Ligand SMILES: [Zn+2]
Ligand SMILES: [Zn+2]
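In the entry's author numbering, the protein residues as written are 136 to 187.
What follows is the structure, given as structure tokens:
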């Protein structure tokens, strides 16, 4: 992986926050690995980008 990303935007499909446990809503998703998360996930999320 290389560098993460965080842009405020809404998803055009059902998503899910890997930091919390249920679907995800309009939050911040990385447009490189496909990350997504609410406000409880802005401290552990910024440090990863492993996408296959
Ligand atoms: Zn990323
Ligand atoms: Zn979350």
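Think of the CB as a built atom: it goes at the ideal place given N, C-alpha and C, for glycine as much as any other residue.
Which residues in the same chain as residue i place their Cβ atom closer than 7 Å to its Cβ, once the five residues preceding and following it in sequence are excluded?
i: residue 141; result: 163, 165 and 181
Where does residue i sit, in a helix, a strand or coil, going by DSSP?
i: residue 146; result: coil
For residue i, I'd like the list of residues in its chain whose CB is within less than 8 Å of its CB, leaving aside the five on either flank, ordered along the chain.
i: residue 157; result: 151
i: residue 185; result: 136 and 168
Inset, instruction - Note down, one range per segment and in chain order, each beta strand (DSSP E) of at least 3 residues found wholly within the stretch 148-180. - result: Here the runs fully enclosed are 162-164.
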